[PDB]
Amino acid sequence: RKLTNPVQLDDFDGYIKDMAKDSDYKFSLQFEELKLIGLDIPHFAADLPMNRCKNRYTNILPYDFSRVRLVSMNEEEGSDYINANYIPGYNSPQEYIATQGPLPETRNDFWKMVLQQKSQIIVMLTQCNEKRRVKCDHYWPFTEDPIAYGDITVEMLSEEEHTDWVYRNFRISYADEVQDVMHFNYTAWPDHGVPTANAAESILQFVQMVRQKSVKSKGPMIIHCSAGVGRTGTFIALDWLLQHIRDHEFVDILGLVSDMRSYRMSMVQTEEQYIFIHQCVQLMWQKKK
Amino acid sequence: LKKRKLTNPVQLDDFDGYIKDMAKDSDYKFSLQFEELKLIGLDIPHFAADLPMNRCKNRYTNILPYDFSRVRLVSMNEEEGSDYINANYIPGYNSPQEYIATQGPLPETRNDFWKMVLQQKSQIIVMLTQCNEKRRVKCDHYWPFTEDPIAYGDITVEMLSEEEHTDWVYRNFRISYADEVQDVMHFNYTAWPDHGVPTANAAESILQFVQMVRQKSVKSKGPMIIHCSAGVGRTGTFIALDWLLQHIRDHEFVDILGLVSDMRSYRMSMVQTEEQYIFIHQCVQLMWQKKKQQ
């Protein structure tokens with residue numbers, strides 16, 4: 001089916017309450033359907049034998065149509081491959097790019113994609129390691145002296161670390177093409193599960209922050225986490241909603257997530273993140289002051 | 001829903017036996033493959049093509065381009081569909097986006113066509129339809145009638161030489177914008193009826209035409225723009241024939257099913273009829289040529 005369920009913001013408070021009744025009954029009903037969306041969309045380039053070492057998780061693959069293909073002077077197989085997908089935005093198509101966390105083996109491909117797409121913004125929603133589990137390579141420089149990742153060099157002009165997130169100003173270049181890239185790393189993600197922390201504002205400050213800097217990245221805003229679908233998806237939804245609530249008096253979270261999954265699988269992976277989005281949609285309380 | 005990657009590479013020496021088997025039981029297998037080919041890309045977005053103002057730019061309401069592979073016009077216009085044109089990049093035997101598959105230009109998307117031609121640096125155009133077939137409108141005569149330069153919006157086109165042949169015609173145009181100048185060859189095959197195929201008598205004809213366009217392929221910077229009416233059936237069988245000409249040359253096998261299945265994921269209806277899908281196989285007995293020359 002085609003998922004959609006617009007709700008007037010004036011009734012959103014009652015709505016989510018009615019969604020949680022009977023042990024999140026309605027919620028799991030909608031989410032369970034979200035799990036079906038896009039289950040039969042080809043991702044043949046992802047299945048290719050020599051691309052397997054480029055897919056972090058054997059089961060989180062990019063659809064063929066929405067995949068961000070790299071530009072190489074031909075040859076080989078899967079030479080244009082990177083586990084990434086364009087995701088529609090509130091302002092235009094291919095507004096975002098949802099990728100998995102780069103691997104020691106797809107590290108150079110990542111920076112190649114940042115340049116070829118002219119993405120001047122990267123949002124990282126996970127730490128390299130969490131609870132003694134590898135989640136993402138540290139694909140960027142550890143210091144200020146430039147590191148050459150393939151043909152693209154990377155120079156971290158500055159590294160600003162805060163309490164919940166971290167900012168980095170990189171300056172990558174190829175041949176005679178210098179390009180700036182801002183990097184925001186949310187490190188205090190609410191575990192992922194739960195949630196709680198009335199301070200869901202912390203994620204909202206982060207979103208607002210990235211958002212108020214989007215007016216600089218001609219290319220897509222590259223967002224990623226580990227698999228690039230669970231937290232990545234929640235983020236994108238929030239960056240959408242933030243704007244959509246600002247300009248409308250209704251929100252269709254179901255449609256939103258449904259939209260996103262048609263472009264990349266598992267976008268917003270758990271019923272917890274999906275309910276968390278509604279918890280955050282209390283952005284209405286604020287739109288009332 | 002579809003979930004299997006269609007493909008069936010057949011060794012050229014077993015082609016006679018393979019096409020024989022595909023023809024058994026009144027083309028039983030040719031249908032099995034074709035019916036599944038028809039499922040491809042059915043669930044691929046094409047919103048740009050549905051925008052209110054792009055509707056008049058679509059020759060047919062049921063033949064639209066997929067968002068991911070569509071060709072975009074560049075311009076300052078900040079209005080709806082300003083970058084739109086019913087066209088898709090189609091992978092190549094040589095490179096992705098080696099061709100551009102479009103519908104025949106409409107009187108109202110004509111200027112858009114030439115813009116694409118210059119912006120993509122397409123120096124070759126393959127038109128597989130007559131502007132009119134049996135009193136039915138198939139494609140606008142979007143190009144000049146005389147050697148007199150004609151301004152199509154911001155691009156003037158001057159027809160340099162016109163050569164009307166048996167089953168086809170050749171034309172060399174020089175288009176320009178400001179100082180930017182570009183030569184473009186135009187190959188019009190007029191013996192391919194819409195929704196159909198050349199006659200059994202034009203079998204050699206069309207293959208010679210593909211040969212002629214293949215020799216020139218190299219002289220073009222951008223993708224070869226090939227088009228017909230809806231830009232999918234005749235345009236799809238051509239792109240396939242061009243591939244196979246090259247592949248058959250350097251290889252010992254063909255995978256027509258994978259080829260067509262491939263094209264169809266970049267633009268809908270590529271190789272529209274089962275008859276055209278089979279025509280391709282008959283043509284693949286291009287091995288005849290191979291086995292001879294050498």
# chains A, B, ... in the order shown; residues from 1 in each chain; ligands from 1
call {"tool": "closest_atom_pairs", "arguments": {"of": "chain A", "to": "chain B", "cutoff": "9 Å", "atoms": "only C-alpha atoms", "output": "JSON lines"}}
result
{"residue": "A:38", "atom": "CA", "partner": "B:43", "partner_atom": "CA", "distance": 8.9}
{"residue": "A:39", "atom": "CA", "partner": "B:1", "partner_atom": "CA", "distance": 8.5}
{"residue": "A:40", "atom": "CA", "partner": "B:3", "partner_atom": "CA", "distance": 5.6}
{"residue": "A:41", "atom": "CA", "partner": "B:3", "partner_atom": "CA", "distance": 6.9}
{"residue": "A:42", "atom": "CA", "partner": "B:3", "partner_atom": "CA", "distance": 6.2}
{"residue": "A:44", "atom": "CA", "partner": "B:5", "partner_atom": "CA", "distance": 6.9}
{"residue": "A:64", "atom": "CA", "partner": "B:265", "partner_atom": "CA", "distance": 8.8}
{"residue": "A:65", "atom": "CA", "partner": "B:68", "partner_atom": "CA", "distance": 6.0}
{"residue": "A:66", "atom": "CA", "partner": "B:68", "partner_atom": "CA", "distance": 6.3}
{"residue": "A:67", "atom": "CA", "partner": "B:68", "partner_atom": "CA", "distance": 8.7}
{"residue": "A:73", "atom": "CA", "partner": "B:95", "partner_atom": "CA", "distance": 8.8}
{"residue": "A:74", "atom": "CA", "partner": "B:95", "partner_atom": "CA", "distance": 6.7}
{"residue": "A:93", "atom": "CA", "partner": "B:67", "partner_atom": "CA", "distance": 8.8}
{"residue": "A:262", "atom": "CA", "partner": "B:44", "partner_atom": "CA", "distance": 8.9}
call {"tool": "select_by_dssp", "arguments": {"residues": "segment 64-101 of chain A", "states": "strand (DSSP E or B)", "output": "number ranges by chain"}}
result
A: 67, 84-87, 96-99
call {"tool": "select_by_dssp", "arguments": {"residues": "segment 9-118 of chain A", "states": "alpha helix (DSSP H)", "output": "PyMOL selection string"}}
result
chain A and resi 12-34+44-47+107-116
call {"tool": "atom_distance", "arguments": {"atom1": "atom CA of residue 208 of chain B", "atom2": "atom CA of residue 87 of chain B"}}
result
26.1 Å
call {"tool": "residues_around", "arguments": {"residues": "residue 271 of chain B", "least_positions_apart": "6", "cutoff": "6 Å", "atoms": "only C-alpha atoms", "output": "ChimeraX atom specification"}}
result
/B:233,236-237
call {"tool": "write_last_selection", "arguments": {"atoms": "C-alpha atoms", "output": "JSON list (two decimals), in the first residue's frame"}}
result
[["chain", "number", "residue", "atom", "x", "y", "z"],
["B", 233, "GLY", "CA", 10.55, 0.88, -28.76],
["B", 236, "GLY", "CA", 15.40, 0.64, -27.49],
["B", 237, "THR", "CA", 15.95, -1.90, -30.27]]
call {"tool": "residues_around", "arguments": {"residues": "residue 7 of chain A", "least_positions_apart": "6", "cutoff": "12 Å", "atoms": "only C-alpha atoms", "output": "number ranges by chain"}}
result
A: 13-16, 19, 245, 248-255, 278, 281
call {"tool": "write_last_selection", "arguments": {"atoms": "C-alpha atoms", "output": "mmCIF file, in the first residue's frame"}}
result
data_model
loop_
_atom_site.group_PDB
_atom_site.id
_atom_site.type_symbol
_atom_site.label_atom_id
_atom_site.label_comp_id
_atom_site.auth_asym_id
_atom_site.auth_seq_id
_atom_site.Cartn_x
_atom_site.Cartn_y
_atom_site.Cartn_z
ATOM 1 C CA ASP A 13 -0.794 15.657 21.195
ATOM 2 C CA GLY A 14 -3.913 13.536 21.234
ATOM 3 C CA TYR A 15 -2.682 11.611 18.192
ATOM 4 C CA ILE A 16 0.561 10.201 19.648
ATOM 5 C CA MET A 19 -0.808 5.859 19.005
ATOM 6 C CA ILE A 245 6.222 22.185 10.643
ATOM 7 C CA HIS A 248 2.457 23.968 7.679
ATOM 8 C CA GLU A 249 -0.155 23.193 10.341
ATOM 9 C CA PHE A 250 -0.091 19.427 9.770
ATOM 10 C CA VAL A 251 2.520 16.675 9.682
ATOM 11 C CA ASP A 252 2.556 13.286 7.975
ATOM 12 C CA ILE A 253 5.322 11.298 9.674
ATOM 13 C CA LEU A 254 4.076 7.998 8.170
ATOM 14 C CA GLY A 255 4.257 9.387 4.646
ATOM 15 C CA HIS A 278 6.846 11.698 17.106
ATOM 16 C CA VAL A 281 7.566 16.425 16.749
#
call {"tool": "residues_around", "arguments": {"residues": "residue 153 of chain B", "least_positions_apart": "6", "cutoff": "10 Å", "atoms": "only C-alpha atoms", "output": "ChimeraX atom specification"}}
result
/B:110-112,114-115,177
call {"tool": "write_last_selection", "arguments": {"atoms": "N, CA, C and O atoms", "output": "JSON list (two decimals), in the first residue's frame"}}
result
[["chain", "number", "residue", "atom", "x", "y", "z"],
["B", 110, "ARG", "N", 10.71, 21.59, -28.58],
["B", 110, "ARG", "CA", 11.69, 21.70, -29.64],
["B", 110, "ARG", "C", 12.93, 22.48, -29.21],
["B", 110, "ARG", "O", 14.05, 21.98, -29.31],
["B", 111, "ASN", "N", 12.74, 23.71, -28.74],
["B", 111, "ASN", "CA", 13.87, 24.52, -28.29],
["B", 111, "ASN", "C", 14.64, 23.82, -27.16],
["B", 111, "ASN", "O", 15.85, 23.98, -27.05],
["B", 112, "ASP", "N", 13.94, 23.05, -26.33],
["B", 112, "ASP", "CA", 14.57, 22.31, -25.23],
["B", 112, "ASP", "C", 15.50, 21.23, -25.80],
["B", 112, "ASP", "O", 16.55, 20.93, -25.25],
["B", 114, "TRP", "N", 17.23, 21.22, -28.62],
["B", 114, "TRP", "CA", 18.48, 21.77, -29.12],
["B", 114, "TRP", "C", 19.39, 22.21, -27.99],
["B", 114, "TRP", "O", 20.61, 22.09, -28.08],
["B", 115, "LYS", "N", 18.79, 22.71, -26.92],
["B", 115, "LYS", "CA", 19.56, 23.13, -25.76],
["B", 115, "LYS", "C", 20.30, 21.88, -25.25],
["B", 115, "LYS", "O", 21.51, 21.90, -25.02],
["B", 177, "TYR", "N", 25.46, 29.05, -29.95],
["B", 177, "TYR", "CA", 24.94, 29.86, -28.87],
["B", 177, "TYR", "C", 26.06, 30.81, -28.51],
["B", 177, "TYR", "O", 27.12, 30.38, -28.06]]
call {"tool": "residues_around", "arguments": {"residues": "segment 191-204 of chain B", "least_positions_apart": "2", "cutoff": "8 Å", "atoms": "only C-alpha atoms", "output": "VMD selection string"}}
result
chain B and resid 128 to 129 133 167 to 168 189 206 to 208 229 233 to 234 272 to 273 275 to 276 279 283
call {"tool": "closest_residue", "arguments": {"among": "B:278, B:259, B:6, B:232", "to": "residue 22 of chain B", "atoms": "only C-alpha atoms"}}
result
B:278
call {"tool": "residues_around", "arguments": {"residues": "segment 211-228 of chain B", "least_positions_apart": "6", "cutoff": "10 Å", "atoms": "only C-alpha atoms", "output": "number ranges by chain"}}
result
B: 87-92, 95-105, 116-131, 138-139, 183-189, 192-194, 205, 234-236, 238-239, 241-243, 245-246
call {"tool": "write_last_selection", "arguments": {"atoms": "C-alpha atoms", "output": "mmCIF file, in the first residue's frame"}}
result
data_model
loop_
_atom_site.group_PDB
_atom_site.id
_atom_site.type_symbol
_atom_site.label_atom_id
_atom_site.label_comp_id
_atom_site.auth_asym_id
_atom_site.auth_seq_id
_atom_site.Cartn_x
_atom_site.Cartn_y
_atom_site.Cartn_z
ATOM 1 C CA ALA B 87 15.053 12.048 -21.812
ATOM 2 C CA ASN B 88 17.176 9.415 -20.021
ATOM 3 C CA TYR B 89 20.882 8.544 -20.066
ATOM 4 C CA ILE B 90 21.320 4.916 -21.187
ATOM 5 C CA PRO B 91 24.465 2.955 -20.204
ATOM 6 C CA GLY B 92 26.907 1.897 -22.844
ATOM 7 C CA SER B 95 30.476 3.992 -20.944
ATOM 8 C CA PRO B 96 27.450 4.813 -18.771
ATOM 9 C CA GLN B 97 25.391 7.637 -20.267
ATOM 10 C CA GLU B 98 26.805 6.721 -23.682
ATOM 11 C CA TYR B 99 23.398 7.473 -25.178
ATOM 12 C CA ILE B 100 20.455 9.687 -24.491
ATOM 13 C CA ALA B 101 17.024 8.225 -25.179
ATOM 14 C CA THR B 102 14.336 10.834 -25.862
ATOM 15 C CA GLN B 103 10.886 11.081 -27.390
ATOM 16 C CA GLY B 104 10.556 12.832 -30.724
ATOM 17 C CA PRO B 105 10.588 16.596 -29.944
ATOM 18 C CA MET B 116 20.148 19.538 -24.604
ATOM 19 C CA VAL B 117 22.007 18.828 -27.836
ATOM 20 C CA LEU B 118 24.430 21.684 -27.167
ATOM 21 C CA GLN B 119 24.692 21.361 -23.397
ATOM 22 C CA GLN B 120 25.365 17.605 -23.607
ATOM 23 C CA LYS B 121 27.693 18.222 -26.564
ATOM 24 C CA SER B 122 25.798 15.538 -28.437
ATOM 25 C CA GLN B 123 27.181 15.594 -31.958
ATOM 26 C CA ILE B 124 25.117 12.655 -33.176
ATOM 27 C CA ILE B 125 21.370 12.107 -33.398
ATOM 28 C CA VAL B 126 19.651 8.908 -34.521
ATOM 29 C CA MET B 127 15.997 9.444 -35.407
ATOM 30 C CA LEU B 128 14.191 6.147 -36.076
ATOM 31 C CA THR B 129 10.798 7.531 -37.108
ATOM 32 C CA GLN B 130 9.342 9.676 -39.852
ATOM 33 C CA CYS B 131 7.817 12.908 -38.592
ATOM 34 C CA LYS B 138 5.057 10.899 -34.700
ATOM 35 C CA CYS B 139 7.646 13.669 -34.318
ATOM 36 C CA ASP B 183 28.724 20.341 -35.575
ATOM 37 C CA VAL B 184 26.074 17.640 -35.247
ATOM 38 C CA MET B 185 25.358 14.716 -37.538
ATOM 39 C CA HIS B 186 21.745 13.573 -37.871
ATOM 40 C CA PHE B 187 20.927 10.067 -39.127
ATOM 41 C CA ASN B 188 17.258 9.520 -39.972
ATOM 42 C CA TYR B 189 16.163 5.947 -40.620
ATOM 43 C CA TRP B 192 11.147 1.524 -39.336
ATOM 44 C CA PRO B 193 7.344 1.741 -38.740
ATOM 45 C CA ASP B 194 6.183 2.656 -35.239
ATOM 46 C CA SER B 205 19.350 -2.222 -44.424
ATOM 47 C CA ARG B 234 12.535 1.762 -31.860
ATOM 48 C CA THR B 235 15.032 3.690 -29.728
ATOM 49 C CA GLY B 236 15.404 0.638 -27.487
ATOM 50 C CA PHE B 238 18.530 0.402 -31.817
ATOM 51 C CA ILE B 239 20.633 0.933 -28.699
ATOM 52 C CA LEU B 241 21.675 -3.449 -31.900
ATOM 53 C CA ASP B 242 24.531 -1.011 -31.442
ATOM 54 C CA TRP B 243 25.693 -2.787 -28.306
ATOM 55 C CA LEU B 245 27.449 -5.072 -32.868
ATOM 56 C CA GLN B 246 30.357 -4.193 -30.615
#
